[PDB]
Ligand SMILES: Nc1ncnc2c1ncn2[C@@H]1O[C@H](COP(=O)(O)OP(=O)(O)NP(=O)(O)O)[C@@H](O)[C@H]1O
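In the block that follows, a single chain appears as structure tokens, in the form solved without the ligand.
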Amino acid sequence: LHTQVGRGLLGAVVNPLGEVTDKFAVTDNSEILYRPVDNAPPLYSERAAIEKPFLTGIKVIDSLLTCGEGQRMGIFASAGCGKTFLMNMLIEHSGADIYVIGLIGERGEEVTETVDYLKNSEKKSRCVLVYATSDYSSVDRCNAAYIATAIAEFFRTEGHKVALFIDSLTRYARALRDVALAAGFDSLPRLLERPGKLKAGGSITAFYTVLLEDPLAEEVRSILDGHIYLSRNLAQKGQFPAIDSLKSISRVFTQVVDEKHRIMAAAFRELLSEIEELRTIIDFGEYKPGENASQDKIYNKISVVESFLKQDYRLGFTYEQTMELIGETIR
């Protein structure tokens, strides 16, 4: 019903009962406070409009799927789609004050893998990790999401720019339906309307992961402010991150980017639309060089478009670098 919060949790690993189990970093701050994990969502008059961009340092996201402060974004992918490597990039190359990661998923090895990454991360002093393995009860794995959110809500009340990660929403939904069987559902919507930007405080930008083998994918997609879709076909071809921008959306995109950005994003998106039609024409074996000047122009733009989309997971790009690169690729 109550969990521990405060800056003293920075660098700590929290289990489904709210106790510090391990540490990936130590800070000089010792503050520990207690707040309930089932907090009422902010009123509509309590929330501020989503207007400032949450820069991620990932070229395809910042340019075509720009996130906003307080936005809730979905990450849709199958297993082995590099969903974990994408969240490592989001934590590494964004600029949030505090990162709150909630793992309600897998086995001890995947949790330890996240801690091992955090032990060598540049943001370890700003990170909190709440975990729930397969060995815990369904009630405990549900509570790991509420503990992670309540921890993020305290930092937001202090005025921090908080990034919340929940991996995964479906293994929360699995634990959710198991809990419902004991009683004989609706904690999903109230859980993911808790993030946002407060007029009187900071903001929580939340990234929720759902796994594709789906009905649950259809429910969450209309609740969130957008979704990022990791095609493992794109991963099979060697493009990382495997984000397919043509099937992804940020519903606050035009609210948080300016007119010049919007125009370049539209020109790039149609360039990619013409690119994938050429891939179909090529796969059909009906592309002959020199026979169509428009197709030849599109063909010679494949390499520069492919290199703008691809990004080494250890490199981050500023907004001006991203806009500079997408400027060159559309000319």
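A residue's number is simply how far along the shown sequence it sits, counting from 1.
Going from residue 259 to residue 260, the model skips none of the deposited residues; the chain is continuous there.
Of the two segments, 283-291 and 264-272, the one listed with the higher mean B-factor is 283-291 (C-alpha atoms only). Between 299-307 and 35-43, the higher mean Cα B-factor belongs to 35-43.
Looking at 125, 94, 205, 134, the one whose CA carries the top B-factor in the deposited record is 134. For the set 232, 247, 161, 199, the PDB entry assigns the largest Cα B-factor to 232. In this PDB entry, the Cα temperature factor of residue 168 sits in the top third of its chain's modelled residues, the highest group. Among all modelled residues in its chain, residue 107 ranks in the highest third by Cα B-factor. Compared with the other modelled residues of the chain, the Cα B-factor recorded for residue 188 ranks in the highest third.
Compared with the other modelled residues of the chain, the Cα B-factor recorded for residue 76 ranks in the middle third. Compared with the other modelled residues of the chain, the Cα B-factor recorded for residue 28 ranks in the highest third.
The following text describes the form solved in complex with the ligand, which does not appear among the structures shown.
Judged by heavy atoms within 4.5 Å of the ligand in the bound PDB entry, the contact stretch among the candidates 151-159, 67-75, 199-207, 237-245 is 237-245. Between the options 79, 182, 223, 139, the residue in contact with the ligand in the bound PDB entry by a heavy atom within 4.5 angstroms is 79. Out of the listed residues 191, 89, 257, 96, 89 is the one that sits within 4.5 Å of the ligand in the bound PDB entry by at least one heavy atom. Among heavy atoms of residue 85, some come within 4.5 Å of the ligand in the bound PDB entry.
The closest heavy atom approach of residue 312 to the ligand in the bound PDB entry falls within 4.5 Å. Proximity of residue 219 to the ligand in the bound PDB entry: non-hydrogen atoms within 4.5 Å are absent; the residue sits far from the partner. Proximity of residue 110 to the ligand in the bound PDB entry falls within the 4.5 Å heavy atom cutoff.
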